[PDB]
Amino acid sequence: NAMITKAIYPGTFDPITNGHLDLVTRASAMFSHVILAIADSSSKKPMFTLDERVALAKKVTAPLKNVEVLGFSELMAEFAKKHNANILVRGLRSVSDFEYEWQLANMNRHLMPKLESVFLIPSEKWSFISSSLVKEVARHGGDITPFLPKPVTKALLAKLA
């Protein structure tokens, strides 16, 4: 019995990393449709504007047919309801991640009871990768090429040099 599963994968993606890419690629294999959903996150003062983050995520998800990249600024749950998504995908890289995802998953069960939160663990290759430490390394001209897709490295380097 075939089904349409529509999933959202929301985050700040500032910038999208090899870790994010691994997760959305796996979500893409599992669900009928995936929205890679980029939170405006204004109060976080992101390095990249929302438009830049949308452009970068489009470049790296281009080969995934059933993935669409969209910017949003409302609650992730309202965004899911707006797009008729029934699954919310989140990454769990470690124990510190777990606390917050548990709180958030419970909040979201209250806000949208039929939205199911599901968690994916990145491959051990990428699991230690953190947008913030990569940005800190790049600020000092350290080599970050192992952690970011090629077009993302190029934009991070331009944004700094």
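Counting begins at 1, following the sequence as shown.
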Item to complete: Give the stretch, out of 49 to 57 and 120 to 128, with the larger mean C-alpha temperature factor in the deposited entry.
Response: 120 to 128
Fill in: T25 CA temperature factor, ranked by third within the chain
lowest
Discussion item. Using the temperature factors of the C-alpha atoms in this entry, rank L133 within its chain: lowest, middle or highest third.
Written reply: highest
Fill in: Chain-wide C-alpha B factor ranking for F98, given as lowest, middle or highest third
highest
Fill in: Ranked against its chain, the third holding the CA B-factor of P146
highest
